[PDB]
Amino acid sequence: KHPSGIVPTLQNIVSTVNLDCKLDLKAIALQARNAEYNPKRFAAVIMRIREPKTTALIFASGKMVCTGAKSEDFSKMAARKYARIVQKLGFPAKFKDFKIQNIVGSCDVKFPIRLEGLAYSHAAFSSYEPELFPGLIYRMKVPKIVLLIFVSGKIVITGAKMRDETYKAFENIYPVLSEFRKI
């Protein structure tokens, strides 16, 4: 399953769900305490809960974004809590089309990387402009996953909708990181 012997740690999950009922954001921001609505800046009510530690963006359309959870289950669970709070506030909220939209993972290969050599050998996939951002941007095609590679050996993997894509992206890159280990 994880030939490298390293398993990327899931750090952030963004999911979305349709409450399937229009919402009065101004009424939600007044009644709810764990909220903050400033439409001139963003069209959403920003709500937060302690467990699972997450943040929700609630829109008048009934659409909702859930960010911050450390697992897919935690995300859905948190999304359900927001929906219940909305329901309790007075709206006929449902839990329609729950979908995991992005999973962010990270791991440490515990060895330094020669980013410039890696970038040069994989120019079709890399973007390494150290003066702007210190990490190399590797946009993997299969699976379609973006990996941020640092000299420290620390790797961030994002864009996955299924955790196995995160795991696969890593396993695919491992041999490449090894080939360019900084000695």
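The first residue of the sequence shown is number 1, and the count goes up from there.
Averaged over Cα atoms, the B-factor as recorded in the entry is higher for 44-52 than for the other of 153-161 and 44-52. The stretch with the higher mean CA B factor, choosing between 139-147 and 28-36, is 28-36.
The residue among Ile100, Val104, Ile113, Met77 whose C-alpha carries the highest B-factor in the deposited model is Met77. Sorting the modelled residues of the chain by their CA temperature factor places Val17 in the middle third. When the CA B factors of the chain's modelled residues are split into thirds, the value for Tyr128 lands in the middle one.
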